[PDB]
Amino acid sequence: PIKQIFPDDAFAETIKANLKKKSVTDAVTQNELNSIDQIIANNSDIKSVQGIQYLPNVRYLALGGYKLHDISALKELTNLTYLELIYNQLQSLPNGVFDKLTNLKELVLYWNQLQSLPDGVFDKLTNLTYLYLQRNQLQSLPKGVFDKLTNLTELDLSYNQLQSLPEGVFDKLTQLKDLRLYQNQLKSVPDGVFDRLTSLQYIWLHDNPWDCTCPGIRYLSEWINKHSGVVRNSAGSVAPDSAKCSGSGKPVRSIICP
């Protein structure tokens, strides 16, 4: 077939360049499609990736573009190890969209419009090591949403609209080194939420409207004091006091609860 496998004309052009082919109209064989190892398209006019299920051996997909809105065909790409979908209009993820990507190591989902995550969306991704969900519109996380990501080392949740964290949400991320929660609307965190992060080197907690009422603020306050070398500011420098009370502006770790 003459590359009418790919209905989106921007994606077809992308396939054209990938395979170095002559034109949109040029013909392609499945043997050519199988040789496609990585697809990159930055700042594209792609809207649908509808042809992509016929490239069964791609391992690196980077699609960024303001108009991308349909990614259901990605579910079939069994062998992805790097997946980047950024700057698009996606407000949700299709259910089970990642369920076959058991080799995915990195998942880059920043600068989109995601308001929620499907329950169990990441459960099959046991090899995932890096997860970037910053700059979206998330207000909540499903319970246990990271529980299978036991090899996770970096998790970026910054620049969202998070109202709360689920209890136990980070309990299984014992290899996590980097956790970014800055720039959200968190007034509190569940007690003990960080205590199993035995590998944590960097945590970003600033630009949240922390409620420093006692005794609720006690856990966060004692944790920051105990782990003050880990708390990083906007400029990536070490600053324990960057977590501030929404009313007083005091540093969270300066609140002492009788």
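Each residue number is its position in the shown sequence, starting from 1.
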statement: Quick note on 34-42 and 192-200: per-entry mean CA temperature factor is higher in 34-42
task: Give the stretch, out of 205-213 and 22-30, with the larger mean C-alpha temperature factor in the deposited entry.
output: 22-30
- prompt: Taking the Cα B-factors listed in the entry, which of 177, 135, 75, 148 comes out highest?
  reply: 75
message: Please say which third, lowest, middle or highest, residue 61 falls into when its CA temperature factor is compared across its chain.
response: middle
- request: Sorting the chain's modelled residues by C-alpha B-factor, tell me whether residue 49 ends up in the lowest, middle or highest third.
  value: highest
statement: residue 224: C-alpha B-factor third of its chain, per the entry, is the middle
